[PDB]
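Below is one structure, written out as structure tokens, with a few remarks after it.
Counting starts at 1 for both ligands and their atoms, following the listed order. The figures that follow rest on heavy atoms only: side chains count, while hydrogens, waters and symmetry mates do not. Numbering starts at 1 and runs along the sequence shown.
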Amino acid sequence: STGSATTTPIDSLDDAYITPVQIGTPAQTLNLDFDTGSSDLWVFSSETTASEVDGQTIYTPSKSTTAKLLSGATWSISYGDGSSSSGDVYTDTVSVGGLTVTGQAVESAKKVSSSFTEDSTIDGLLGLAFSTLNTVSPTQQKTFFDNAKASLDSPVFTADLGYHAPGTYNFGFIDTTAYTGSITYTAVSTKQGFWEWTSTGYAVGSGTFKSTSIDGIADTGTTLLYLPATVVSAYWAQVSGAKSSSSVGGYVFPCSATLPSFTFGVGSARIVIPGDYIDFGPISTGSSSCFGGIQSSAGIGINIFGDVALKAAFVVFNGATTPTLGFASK
Ligand SMILES: NCc1ncc(-c2ccc(F)cc2)[nH]1
Ligand SMILES: NCc1ncc(-c2ccc(F)cc2)[nH]1
């Protein structure tokens with residue numbers, strides 16, 4: 001089998017992307033944030049504290065003839081930015097782009113943090129990291145991809161995120177019309193539960209490529225590109241007036257600037273992030289200080305190849321027995 005679904009930016013900055021997902025019988029369609037940095041499929045629901053729902057579409061398990069309470073199971077997750085959610089668990093039928101999994105764990109939120117309440121466009125998350133990170137207790141549950149994998153034509157999914165435009169998540173096949181040149185594959189460590197890999201270096205603008213190993217994760221659920229302080233300083237030094245602001249929480253730059261591109265290495269291949277992809281706009285409405293899309297990872301403990309980086313590529317998440325990642329230009 002295969003599936004194919006369009007993913008759409010939630011706002012004019014590409015802060016996140018939402019993909020429609022059918023849950024239950026008859027189908028209830030929710031728009032979920034596909035997150036290769038976590039491993040829980042959780043939704044706003046009829047059980048979510050009413051004051052914490054503000055415009056989201058909710059899953060109502062009592063209206064689904066295929067929903068079953070997973071007795072005794074609870075979940076609770078905290079994300080790298082400090083957001084969080086928790087609740088109980090149903091199993092139900094879940095379909096993405098025509099690909100159907102029966103018996104998928106659908107984690108129903110009883111509580112969500114304010115950041116989620118405020119994102120009226122995000123009805124929940126669909127985790128696509130390794131199932132070892134799933135938070136369901138006392139019986140850990142499998143991700144949608146792990147449940148689907150044996151049925152897929154090939155044990156892969158691909159992320160093709162758009163810049164200020166829709167893109168595509170495919171399951172079970174590699175659309176050879178969706179990228180240019182060849183796909184370069186690179187090794188993955190699953191020891192931390194992430195799609196963790198090692199970039200071979202970077203360049204700033206038209207500058208020379210610096211060969212240096214940068215270990216990090218491919219994370220569709222993170223907006224920005226978080227890299228070591230040395231790398232990020234070298235980038236922003238090329239932008240007149242750019243500075244790290246403790247009060248704002250990262251590098252800012254004059255909105256009048258034209259930003260240089262940033263290149264990262266995948267083996268001997270190179271992915272170029274255009275400068276415009278690194279502009280996240282005014283820090284507050286009407287400000288002439290703009291927020292940078294490349295930020296330091298120093299306070300995080302891991303480097304994160306988030307949407308800023310991934311949207312410049314066609315990305316293969318290869319879930320074969322030994323997983324690997326593939327990157328192509330597009
Ligand atoms: N840097 C602060 C900030 N401004 C907007 C966001 C944001 C992030 C994710 C999301 F889904 C929606 C909005 N974060
Ligand atoms: N209210 C704005 C906002 N700040 C962080 C988030 C967020 C969105 C998606 C995600 F996966 C994790 C955090 N949204």
Original post:
Hey, does the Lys NZ or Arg CZ of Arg270 hover above the aromatic six-ring of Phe209, less than 6.0 Å from the centre and inside 45° of the axis?
Top reply: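 Yes, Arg270 and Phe209 form such a contact.
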Should the ring pair [X] and [Y] be called parallel, tilted or perpendicular, given that the plane angle runs from 0 to 90° and is split at 30 and 60?
X      : Y      : answer
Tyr163 : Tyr277 : parallel
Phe305 : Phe264 : tilted
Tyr202 : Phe262 : parallel

Subject >> Residues in contact with ligand 1, criterion: heavy atom under 4.0 Å >> reply: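 Heavy-atom contacts below 4.0 Å: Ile10, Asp15, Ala16, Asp119, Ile122.
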Subject >> Mode of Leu125 contact toward ligand 2 - side chain, backbone, both, neither (heavy atoms, under 4.0 Å) >> reply: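 The side chain, only.
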**OP:** Using only heavy-atom distances, determine whether the side chains of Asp119 and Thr121 contain a donor-acceptor pair under 3.5 Å.
**Re:**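 On atom types as modelled, these side chains do not qualify, holding no pair under 3.5 Å.
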Original post:
Which residue pairs satisfy the salt bridge (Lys or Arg N to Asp or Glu O under 4.0 Å) criterion with at least one member in residues 207-216, sequence neighbours excluded?
Top reply: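 Not a single pair qualifies under salt bridge (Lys or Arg N to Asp or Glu O under 4.0 Å).
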